[PDB]
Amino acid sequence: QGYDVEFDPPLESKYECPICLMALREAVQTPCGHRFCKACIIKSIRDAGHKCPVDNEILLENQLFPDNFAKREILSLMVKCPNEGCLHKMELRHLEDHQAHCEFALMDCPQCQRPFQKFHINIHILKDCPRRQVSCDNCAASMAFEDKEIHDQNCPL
């Protein structure tokens, strides 16, 4: 449940959860000196037993504590946007704000329930969709771009 992104430079060994093999998310530390994602290690105690997965030492959830130093460094490492095309890095904490605007991202066109790229998403909807709502100039009824001719033969004018 770690951050599934491509860090730049690649994520260092000490900033990786041994459970999900990804960057620590809401980092917590065990008394035996090991870092895990909070939900990763709580589930491990809740599923695999009240132990530490690595060293088999007994692990207390209430003796766990938030490693807010590990968390701080990870959220400022330069990450690549997982969506296609982006080549400018950013601090991982801002990746949440980027994906509410990402122009390289991929979002759907509900006129036909289908994705595009954000620089092309609105470009297709208005001149490219075979299912785009283009009404007949005489009947004023919305029908597909690929269905514009078939109406005109039996079009109530």
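Heads up: residue numbers just count along the shown sequence, starting at 1.
- As listed in the deposited structure, the average C-alpha B-factor of 126-134 and of 27-35 is greater for 126-134.
- Relative to its counterpart among 144-152 and 9-17, 144-152 has the higher mean temperature factor, C-alpha atoms as listed in the PDB entry.
- Looking at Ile121, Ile42, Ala48, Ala100, the one whose CA carries the top B-factor in the deposited record is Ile121.
- Taking the PDB entry at face value, the top CA B factor among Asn56, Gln63, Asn68, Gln111 belongs to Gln111.
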